[PDB]
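For reference, the structure is listed below as structure tokens.
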Amino acid sequence: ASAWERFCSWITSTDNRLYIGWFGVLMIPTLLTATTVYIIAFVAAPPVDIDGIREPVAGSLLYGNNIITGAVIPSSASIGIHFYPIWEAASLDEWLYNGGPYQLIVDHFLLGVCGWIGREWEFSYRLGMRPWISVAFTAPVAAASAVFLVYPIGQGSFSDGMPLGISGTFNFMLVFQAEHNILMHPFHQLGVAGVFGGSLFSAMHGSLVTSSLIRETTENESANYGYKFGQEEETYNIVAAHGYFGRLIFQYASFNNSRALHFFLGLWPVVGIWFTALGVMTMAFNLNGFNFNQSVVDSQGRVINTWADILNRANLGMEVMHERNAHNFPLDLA
Amino acid sequence: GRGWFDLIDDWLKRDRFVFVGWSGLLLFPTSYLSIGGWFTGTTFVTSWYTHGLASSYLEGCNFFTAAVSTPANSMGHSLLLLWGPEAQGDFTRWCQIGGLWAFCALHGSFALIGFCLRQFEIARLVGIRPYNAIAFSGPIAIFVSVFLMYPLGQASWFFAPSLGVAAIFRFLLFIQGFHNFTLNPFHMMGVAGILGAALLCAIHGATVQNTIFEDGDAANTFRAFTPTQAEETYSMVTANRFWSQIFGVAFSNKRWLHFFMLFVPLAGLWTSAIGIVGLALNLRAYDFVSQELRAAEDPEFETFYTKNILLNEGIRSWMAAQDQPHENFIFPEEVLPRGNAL
Amino acid sequence: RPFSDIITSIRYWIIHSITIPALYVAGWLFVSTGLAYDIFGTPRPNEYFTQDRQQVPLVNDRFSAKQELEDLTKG
Amino acid sequence: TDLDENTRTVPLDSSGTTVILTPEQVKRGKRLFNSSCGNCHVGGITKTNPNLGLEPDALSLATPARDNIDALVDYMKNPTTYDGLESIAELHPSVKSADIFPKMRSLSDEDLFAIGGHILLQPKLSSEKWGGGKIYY
Amino acid sequence: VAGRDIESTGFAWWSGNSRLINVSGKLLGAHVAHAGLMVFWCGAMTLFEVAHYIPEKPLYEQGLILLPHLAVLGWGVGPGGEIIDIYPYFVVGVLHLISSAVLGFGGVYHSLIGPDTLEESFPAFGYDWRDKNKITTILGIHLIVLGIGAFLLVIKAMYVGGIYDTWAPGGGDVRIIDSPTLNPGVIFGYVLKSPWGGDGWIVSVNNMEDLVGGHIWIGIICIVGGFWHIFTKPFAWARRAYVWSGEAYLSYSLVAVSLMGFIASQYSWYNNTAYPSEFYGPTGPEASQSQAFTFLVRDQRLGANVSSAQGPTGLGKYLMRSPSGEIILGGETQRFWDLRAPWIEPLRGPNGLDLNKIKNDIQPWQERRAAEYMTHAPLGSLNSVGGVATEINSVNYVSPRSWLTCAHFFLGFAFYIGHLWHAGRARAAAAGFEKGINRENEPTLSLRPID
Amino acid sequence: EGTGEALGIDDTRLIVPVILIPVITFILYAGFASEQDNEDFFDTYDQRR
Ligand code: CLA
Ligand code: CLA
Ligand code: CLA
Ligand code: CLA
Ligand code: CLA
Ligand code: CLA
Ligand SMILES: CC1=CCCC(C)(C)[C@H]1/C=C/C(C)=C/C=C/C(C)=C/C=C/C=C(C)/C=C/C=C(C)/C=C/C1=C(C)CCCC1(C)C
Ligand SMILES: CC1=CCCC(C)(C)[C@H]1/C=C/C(C)=C/C=C/C(C)=C/C=C/C=C(C)/C=C/C=C(C)/C=C/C1=C(C)CCCC1(C)C
Ligand SMILES: CC1=CCCC(C)(C)[C@H]1/C=C/C(C)=C/C=C/C(C)=C/C=C/C=C(C)/C=C/C=C(C)/C=C\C1=C(C)CCCC1(C)C
Ligand code: OEX
Ligand SMILES: [Cl-]
Ligand SMILES: [Fe+2]
């Protein structure tokens, strides 16, 4: 019976098509700002001097890019990780020259995905359900913060964050491998295990649930219509799938419990992506992957190459060719 | 049951700890001969005479740098039979020319065939639909396209993925440097399928574990499920409401959800298989010609694509000498593509 | 019978106090004897290079591969 | 091949006399090199001044020539510029400047001998790796 | 078995400690035993560092992370940050190790044989998670203890020996901080500074007077707040804004401690005052600026005019202007132009690096420091191969800064995840649907359909 | 940038919104708060609004 109470009821209303809530109060403006500035900068933005050497790089469609090559270029290396809003620039043109839109988009987007985590918790709470779906979403947000924020902080420049494009993403990958050897770093290997196992278990679980669907459908009708939304009964025989998978490998391997099965499904990719996000966070501060170069030497003591050395050759080619005009000294300490 | 074929069929399909089946006559030998072969090749056999590398724990390698390296490039696409004209029955020379890679790969292809046949057989005998055998077609396509058709399109088995960890990393960077496979739209579709499948796995696990019905009074809710219950253990309606009002859309049909969970990774693998089959013939989405011409005529036009092309040139030039020793590439420091300083 | 029922049985361990270490040591003498280097052709730490063979050995023909392998591995 | 004496024989003095390093000597030399100077001289290069590496060509063309054990050992106590006209003991690790370079304090004459033996032994192992840099990693 | 099995508690063995929430005495034993674990590790690890410490190398090159803390506090270190004696380190280690025995005995006692719940035999110590006043009194007692710890650091810096000031006149040295800055505009000026480049928030402490004065402020704040909470109860605005259960309090502590982990990681990465570069090694910015300084000195010595030398792109190869105009070292060190270290400030004028000092008056010790900090950059592998990722296996080295920063960033993120888990569970359990959705009264079925 | 102003407030104008908008929001929140039953409770959370 007070204006603030009515406002809080509307914000926390489960009747809006899209739930807002208090985390949505912070998410919607931030995400909308990030979307608007990203669209405007991707379709039309002047070239950005990413490396701080007065060599602008084009990332916008109007300046001769396609959807694959387009990007919002990272900030200038001259800026570093100084805060660079529009009002800290002498003009908007020189704000765009040094890649300020990247800072704007990244900050607003990171705040928005944090709000998305909180909003997922919130609408879990409003519906009387368990929390922790948000915990599952922390892993992508962890990786996004690792690449967009933590890697600039460790390396000391927003030029080092991943570009907001497709080809720029590949560039960031290749430079990261050249400088840190992420492939040999075990956290990235755990992430590869996480995504590959997520695909494996997704295919397996979908295959076994679809394979043991209870007959509730005629032959001239899609099997999916055998399930009615909100029904009380199970739509497939858990016993049949469990027995088939037990015969496939061995009985003990199969998850006879469905809740444990789904916990494992939620656990494997989330933990894998947590580990790889943490690996990128640690290589931000230059704790690199393994370096087995010249680890095998003969009795005389001359190096017999291994696959690590041949990988090192590719890393070295990428290292020498990346940012050809930016380095004046032999070591890539920055 | 009386006939000899009926007796063999009855024994093979017996319900024991390890189901054998008729497919087991193809799976268990070859699969075994594959895995032990890897464990042999990664433990005692060298790549000194094929790649110039050490690739065994005996030579000093670890789990990362140990691999069953591909055959020598001079072997071409030989089947590398131990009785063939290359080894001529000599086990030592056979292992030295990298014929153990041919052993492992050719036995692994038939092991995959036998395992898919096993999936079909067990699905038939149990009496369910054969959707798991068709989802393993994705991995079969990956193996066939990447380990068989790619080297068969190239000069030799030498350019196949050497069976290892660091070997596979070298294959990744080699394919990127020489084909620019990240720019390949089929690879993009494949990584989309893989990451979307991991996403579906994570969201489905979290949603099911977090819309569970209260079927007990224990804080630990795993024991509150019975395998044979004819009641759904979690609320589809509540999950639908959550994802509809959080994300705008949400699954309303379990069967559609679980077919989608199947389709995404399988579609990704088949799409990426198309791209690797393209890469076998050097039919590569290497370049965008418009930007190459513009950068040729405009020396101030720079994009992240052009930086990736320069990185690929660096990979190729700085990797070819040690990665393809049979070519005898001597690139002086003058011709190696470099940058200022480093 | 169930796995744990076998593992805790004393007979299991009367068998595998002797069987398992036997082959665990058999592998030890397999490699310590230098027999692996001879079966599998793997160079020892003092066999990657030799006189006139300070470069990497490579087989450059499919059909004479055995011939040049002996020629290179004459030692 | 083994670590034969042909690999382990290195020039001792400027006239041309040689000395056969022992396996203990080369082991200690490798450890001492990696511990005391590897940070700048990993791979036979000079990180702080790459114009002057430890490859035998640079050492031979130094004034005095540093392609022998006695000359190297003298450099480790009386370091000089590449032309041997200015003392750089205040900018280079030397046993006579170990208070400002605390890694050279524990080295004895045999340690300096072993380090020089390691330096002269390296170019024998590889044709271009010692002092070659990135191009031969 | 009662209270220690799933049947009587509803918690599995892997959520076993969740069976300690309402068992106050056993939970006290858990905490005290784990504190014993902490002090045990401190004593054992610093004794391990003392045993493995060789007097030749510096601390940062030997993989030593704990002895730097004692050296910063002013024990066994002389001028220039040279560790002269390591007996006080041994004393600290043995004291922590011996105290661990007492704390472990107390924890094991209260866990095993002590009273299960303290709320009937020791009402002074017993509590209920929902009793706000008692929990606030406990919080206030702990706040007073924290203030006493801050004042202990103050006493060490002011009276008992003093702390190591790396910014001291001459070389860095152990000195008494006689005049800490007690001005609120400085101490809380740091707290309200931005975290971005050049500002650094509280990581940007460039002198020990600010550190010690703000520790005085923290001590006063904590003691006043503890006495406030002992004699007060949460206000109505707070009483409706929090979940008053043990798991909620745990989640609050988890988020706070995660924030502290992140802040400490960046303290070790960027600060070189509370973490002097002569104990923890160079910062990344320090190493990069040192590379630029070394090659500036080399090329100037070889005849180049560094101020007028043009790089490939038209910018300065050695010296250029920062975006605000300050004369700064060139190349990729331009991003690290905010570095301020005691070895490079000597050449710094009001408008940046003074060109006259840079040309005529670079001392040999600055070149030595720059070379050392260049060759000892934070770069390294997990197996501790120093240098870039494409280096060879000859140098065994990862900076302590990298280890500390990576470890504490990892633990900060992990404890944020723990906060999210425990805060969500606290809310769900307080509302009473942490076990599942009630099939009888499902909220969604009562809601009107959308669309 | 990099000047060290508290909350980035270089102009004194910036403070007027920063202090007043919370105060208007606080005033609106006080009408809600004053309507609540502000006595203590012994529960994990307050079920009275
Ligand atoms: C499931 C069983 C199985 C399968 C499918 C394969 C499959 C394979 N093995 Mg074999 N292999 C097996 C079991 C199996 N193996 C076992 C148990 C061993 C351990 C003893 C081996 C040991 C082994 C080695 C050592 C090698 C292979 C290799 C091969 C490949 C070549 C096959 C070939 O051409 O052989 C020849 C053809 C046949 C065996 C088919 C015989 C067909 C009929 C029965 C013959 C009838 C005779 C006829 C009447 C004669 C009249 C005279 C004339 C006029 C015709 C292929 C991938 C090679 C390889 O991988 O190279 C890289 C290789 O070198 N295998
Ligand atoms: C920091 C680590 C830590 C600590 C301090 C504790 C502490 C505790 N746990 Mg445990 N716990 C831990 C980790 C820890 N846990 C982990 C990792 C798990 C997962 C496996 C569990 C799983 C778990 C379960 C399932 C349960 C507990 C319980 C308990 C409490 C009662 C113990 C009891 O009566 O057991 C009796 C144990 C024994 C008789 C075995 C002997 C243990 C000895 C004392 C250890 C020796 C220590 C040391 C060497 C002695 C030094 C002596 C000194 C004088 C020098 C106790 C407060 C119980 C509880 O909540 O009760 C209400 C309970 O049910 N915990
Ligand atoms: C978190 C810490 C903690 C807490 C809250 C408690 C709480 C409790 N313990 Mg204790 N206990 C602890 C740690 C703790 N213990 C430790 C570390 C040990 C191992 C030594 C014990 C061993 C222990 C036993 C053996 C018993 C208890 C018991 C008790 C209860 C009665 C306390 C009492 O009568 O105090 C009275 C207080 C004193 C006698 C202390 C007087 C002060 C002396 C002189 C020290 C002065 C120190 C000085 C001020 C420090 C200067 C600091 C400077 C360096 C800066 C109570 C529930 C009893 C119980 O539960 O019985 C069933 C019991 O029998 N505890
Ligand atoms: C461990 C520390 C601790 C804890 C857990 C608590 C807990 C509590 N205090 Mg607090 N309090 C503490 C120390 C602590 N106090 C100290 C040392 C003092 C100083 C004397 C106070 C003074 C105090 C008063 C006067 C009151 C409380 C009250 C409360 C309650 C409400 C807290 C709240 O909503 O904050 C809300 C916090 C804010 C709205 C923001 C804080 C403002 C600062 C200046 C922010 C500055 C920005 C910051 C640097 C940004 C980056 C931080 C980064 C780490 C993320 C709660 C029981 C209330 C109560 O009911 O008391 C009976 C109350 O009125 N406390
Ligand atoms: C495996 C577990 C583990 C380990 C081994 C360590 C180890 C360490 N942590 Mg910790 N840490 C951990 C987990 C762990 N952490 C976790 C999970 C978190 C949460 C994310 C943190 C968060 C954290 C922070 C925030 C910090 C550390 C830091 C440290 C280091 C110093 C420890 C210290 O003194 O703390 C502090 C010790 C105490 C609070 C105990 C009381 C201290 C008293 C009051 C001191 C009295 C001093 C006085 C001068 C003495 C003389 C008095 C008189 C004679 C005058 C050390 C390397 C520090 C560091 O260097 O970070 C880079 C740091 O700042 N850690
Ligand atoms: C201040 C620290 C703190 C405290 C006091 C507690 C206390 C508690 N937690 Mg824990 N928790 C913490 C930090 C803490 N947590 C953090 C940082 C996380 C996030 C990773 C979690 C995540 C967590 C979960 C998911 C759960 C608990 C639960 C519990 C309860 C039982 C735990 C138990 O018995 O474990 C016994 C110990 C073991 C079984 C040993 C497990 C050791 C693991 C496998 C090693 C670490 C693996 C891997 C490296 C972790 C990656 C993490 C990732 C985010 C980077 C108990 C109230 C459980 C509960 O019932 O809550 C009410 C529960 O479900 N906690
Ligand atoms: C190769 C070949 C050539 C021609 C004809 C022939 C039939 C002989 C054919 C086939 C040969 C065959 C099949 C040989 C069989 C060899 C086999 C099966 C070898 C396999 C060996 C297995 C090994 C090491 C396993 C090692 C496991 C390790 C460390 C595990 C690590 C672990 C440990 C130790 C403790 C806990 C953690 C973890 C990670 C689980
Ligand atoms: C005097 C001297 C001179 C030269 C150096 C030297 C080191 C030798 C030194 C000697 C030092 C000595 C002897 C130090 C003695 C220290 C001792 C004995 C420390 C012991 C500390 C005890 C601790 C942590 C106990 C903690 C126990 C805990 C949580 C137990 C946990 C558990 C509990 C409580 C219940 C469930 C089971 C579980 C989880 C295991
Ligand atoms: C000690 C030292 C060393 C180096 C020099 C230096 C000057 C820095 C000196 C001094 C340092 C000083 C004075 C540091 C002090 C730090 C301070 C005061 C930090 C403040 C932290 C406060 C925080 C997070 C407050 C967050 C509170 C929250 C969400 C409360 C809860 C809630 C609110 C308010 C509304 C929404 C609902 C919810 C979530 C229930
Ligand atoms: O910019 Mn992006 O990037 Ca990370 O490193 Mn140094 O700086 Mn550049 O180099 Mn390699
Ligand atoms: Cl540079
Ligand atoms: Fe399901």
Side-chain angles (χ1 to χ4, degrees), chain A residues 53 77 132 135 138-139 142 187 190 263 267 270-271 273-275 277-278 281 323 325-334, chain B residues 219-221 340-342, chain E residues 4 10-21 26-27 29-41 43-44 47-48 50-51 90-91 93-112 246-247 249-251 253-258 261 288 291-292 295 311-312 315 317-318 329-336 410-422 424-426 428-429 434:
Chain A
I53 50 172
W132 309 322
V135 176
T138 42
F187 281 27
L190 276 176
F263 161 66
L267 175 78
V270 169
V271 176
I273 297 298
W274 276 338
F275 271 110
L278 285 153
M281 279 146 162
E323 303 166 16
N325 302 309
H327 302 98
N328 307 341
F329 306 120
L331 297 175
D332 201 1
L333 308 177
Chain B
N220 279 230
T221 68
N340 193 237
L342 62 80
Chain E
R4 298 191 301 171
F11 285 107
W13 62 273
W14 50 265
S15 290
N17 294 327
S18 201
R19 314 210 275 241
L20 282 153
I21 293 162
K26 213 157 280 299
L27 177 58
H31 288 103
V32 172
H34 167 248
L37 257 295
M38 282 196 268
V39 294
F40 175 85
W41 172 84
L47 287 173
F48 177 89
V50 166
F90 181 76
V91 171
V94 175
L95 285 178
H96 275 92
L97 203 61
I98 293 285
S99 306
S100 67
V102 186
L103 288 176
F105 167 74
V108 169
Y109 169 89
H110 280 295
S111 302
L112 270 48
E247 179 151 43
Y249 309 154
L250 167 56
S251 59
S253 307
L254 282 169
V255 73
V257 168
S258 158
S288 207
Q291 162 167 224
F295 278 104
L315 307 203
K317 190 148 60 189
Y318 315 96
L329 292 167
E332 276 214 321
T333 61
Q334 60 171 312
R335 59 172 79 179
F336 301 131
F410 175 96
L411 298 162
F413 171 74
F415 274 61
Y416 162 60
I417 297 301
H419 151 74
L420 193 53
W421 184 275
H422 280 294
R425 190 173 157 76
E434 85 298 356

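All heavy atoms count here, side chains included; hydrogens, waters and symmetry mates do not. Throughout, a chain's letter reflects where its sequence line sits, starting with A, and its residues are numbered from 1. Whatever order the structure lists them in is the order used to number ligands and atoms, beginning at 1.
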(message) So is E/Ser100 touching ligand 8 or not, going by heavy atoms under 4.0 Å?
(response) yes
(request) Just say parallel, tilted or perpendicular for the rings of A/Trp132 and E/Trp421, cut-offs at 30° and 60°. (result) parallel
(message) Among all protein heavy atoms in this structure, tell me which lies nearest to atom 2 (C) of ligand 6, with the distance rounded to 0.1 Å.
(response) E/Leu254 CD2, 3.6 Å
(request) Look at the aromatic rings of A/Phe329 and E/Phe295 and report parallel, tilted or perpendicular, splitting at 30° and 60°. (result) parallel
(message) Checking the N or O distance criterion of under 3.5 Å, is ligand 6 in contact with E/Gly16?
(response) yes
(request) Measure the distance from atom 26 (C) of ligand 6 to every protein heavy atom, then report the residue, atom name and distance (to 0.1 Å) of the closest one. (result) E/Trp421 NE1, 3.4 Å
(request) Would you mind listing which atoms of ligand 6 come within a distance below 4.0 Å of any non-hydrogen atom of E/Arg425? (result) 62 (C)
(message) Is there a polar contact between ligand 6 and B/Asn220, counting only N or O atoms under 3.5 Å apart?
(response) no
(request) Can you figure out which of E/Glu434, E/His419, E/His34, E/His422 has its heavy atom closest to atom 15 (N) of ligand 6? (result) E/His422
(request) State whether any protein heavy atom lies less than 4.0 Å from atom 16 (C) of ligand 8. (result) yes
(message) When you compare ligand 6 with E/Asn17, is there at least one nitrogen or oxygen pair between them that comes in under 3.5 angstrom?
(response) yes
(request) Counting heavy atoms only, name the option from E/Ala414, E/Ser15, E/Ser18 that's nearest to atom 20 (C) of ligand 6. (result) E/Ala414
